[PDB]
Amino acid sequence: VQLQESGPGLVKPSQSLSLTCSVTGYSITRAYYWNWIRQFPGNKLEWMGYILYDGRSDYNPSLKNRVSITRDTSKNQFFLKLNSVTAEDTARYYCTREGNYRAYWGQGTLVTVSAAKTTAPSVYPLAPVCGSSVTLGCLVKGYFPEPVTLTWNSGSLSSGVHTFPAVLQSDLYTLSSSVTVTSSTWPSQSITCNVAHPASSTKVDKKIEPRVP
Amino acid sequence: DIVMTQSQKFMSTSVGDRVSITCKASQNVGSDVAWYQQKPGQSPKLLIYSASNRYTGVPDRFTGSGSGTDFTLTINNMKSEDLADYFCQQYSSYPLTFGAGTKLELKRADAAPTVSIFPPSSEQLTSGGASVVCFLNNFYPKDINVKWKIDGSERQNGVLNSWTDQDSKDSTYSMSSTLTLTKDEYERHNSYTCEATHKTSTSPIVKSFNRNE
Amino acid sequence: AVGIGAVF
């Protein structure tokens, strides 16, 4: 079985969060428990509820009457609706299939509950100050919400990379990444950081240029 | 609300050592307990089911046992690929409940960081901002002090520090430190220094530049 | 006997 979560990654407080789980490789009316489970910042896991193959559903009492799980058997999808969300509902949302001593999980999808507006990042190249190796960097500043993806030379540069988790400063996120190459590689060979921010439909490719003496 | 309490949140280990994680259930759950492994950037993966049974593909070095209110996951001969967060789960009754999770760390020989400093990019300065970045790469242990100095005087306001997860390849950490200041303050001062104080030396690693450059 | 432990 394969499970894939989808839906908006930013929801305004007090409004409703809806996510879809698309299932392939198995029928959601055939067997097992089909669950929503979320993971908070700090990694705590909470089981939200299930819909059974027969369409019965049940929920974690911690969610009050806020939660409803629903399904489309023609599309083989099941759905989460969580009403009246607050910041404490920010989490990565997973769907799972459980039974017969098997557990399959989706990759999850992040949902941020905030009133702040989607903001695209600025991408700054970090060239060395004007050794056997040279370290370059990319600074991604002032975006919202998570996530961004960052690669070097379209992914072909992977070894020697460190990408640092984003942190929220003011209302906005900042992320950075470094890459280390042999000293004769750059600048003669091009090194570009590729930054994608799906929420703002941003795709930027920043070449790291040497500084001027 | 069956509460699953895990022993300790963080455990340090060495490659080749046995490590045991424990989970104590508030009520009697019988054998109905699963252990999950979660690596960074991945969904949790079932490891042990029915308290003693390795799931498909799980290596023989993983064992689990226990009944009643007491359960243990055992790593025999820890490997670097076992760096992860582990969570116990009870499926005796709904709601499903997880332990708080235990993070494993690997011990390794102390390693001093390789430190690189980056002045603001011309692009950031042209747009009216200024950020100074210091990368501290491939060090151990994790606790490192970075201090920023502007014309010799310490600045802790506007500093954002982000660590990677421990790298299973070499058991090191890296971290980025970003000092953000107004461009007009940036242009009022000459020297910019990041100083790394780490248990690997009594003297800090200093990287500096002067705006004159 | 629920979740992964339920038989189907």
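Each chain gets a letter, A, B and so on, in the order the sequences are listed, and its residues count up from 1. Quick note: numbers below take in every heavy atom, side chains included, and nothing from hydrogens, waters or symmetry partners.
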- Note on the structure: Of B:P119, B:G158, B:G99, B:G41, the largest count of non-hydrogen pairs under 4.5 angstrom with chain A goes to B:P119

- Message: Need one label for A:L126: side chain, backbone, both or neither, based on atoms under 4.5 Å from any heavy atom in chain B.
- Response: both

- Sequence neighbours excluded, which residues qualify as side chain to side chain donor-acceptor pair (under 3.5 Å) partners of A:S18? none

- Listed partners of A:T86 passing side chain to side chain donor-acceptor pair (under 3.5 Å), at least two apart: A:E88

- Which portion of B:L46 sits near chain A, non-hydrogen atoms under 4.5 angstrom: side chain

- Query: Contact part of B:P120 toward chain A, heavy-atom cut-off under 4.5 Å: side chain, backbone, both or neither?
  - Reply: backbone

- Task: Could you check B:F118 against A:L136 for side chain to side chain contact (heavy atoms under 4.5 Å, CB included), going step by step and ending with a plain yes or no?
- Result: CA-CA 9 Å; B:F118 300 82; A:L136 311 183; 5.5 Å; no

- Message: Within this structure, what is the CG-CG distance for the pair B:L96 and A:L45, rounded to the nearest 0.5 Å?
- Response: 11.0 Å

- Message: Take a 6.0 Å sphere around OH of A:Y53 and say whether it holds more than 12 heavy atoms from other residues, nucleotides or ligands.
- Response: no

Counting distance alone, with no hydrogens or angles, which donor-acceptor pairs between chain A and chain B are under 3.5 Å?
from: A:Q39; atom 1: OE1; to: B:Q38; atom 2: NE2; distance (Å): 2.9
from: A:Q39; atom 1: NE2; to: B:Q38; atom 2: OE1; distance (Å): 2.9
from: A:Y94; atom 1: OH; to: B:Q38; atom 2: NE2; distance (Å): 3.4
from: A:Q107; atom 1: NE2; to: B:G41; atom 2: O; distance (Å): 3.3
from: A:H162; atom 1: NE2; to: B:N138; atom 2: OD1; distance (Å): 3.1
from: A:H162; atom 1: NE2; to: B:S174; atom 2: OG; distance (Å): 3.3
from: A:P165; atom 1: O; to: B:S162; atom 2: OG; distance (Å): 2.7
from: A:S176; atom 1: OG; to: B:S176; atom 2: OG; distance (Å): 2.8
from: A:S178; atom 1: OG; to: B:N137; atom 2: ND2; distance (Å): 3.4
from: A:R211; atom 1: NH1; to: B:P120; atom 2: O; distance (Å): 3.0
from: A:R211; atom 1: NH2; to: B:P119; atom 2: O; distance (Å): 2.9

- Query: Which residue out of A:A103, A:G42, A:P165, A:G49 racks up the most heavy-atom pairs below 4.5 Å with chain B?
  - Reply: A:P165

- Enumerate the residue pairs fulfilling disulfide bond (SG atoms under 2.5 Å apart) with a member in residues 129-171 of chain A, sequence neighbours excluded, ordered by first and then second residue. A:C138-A:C193

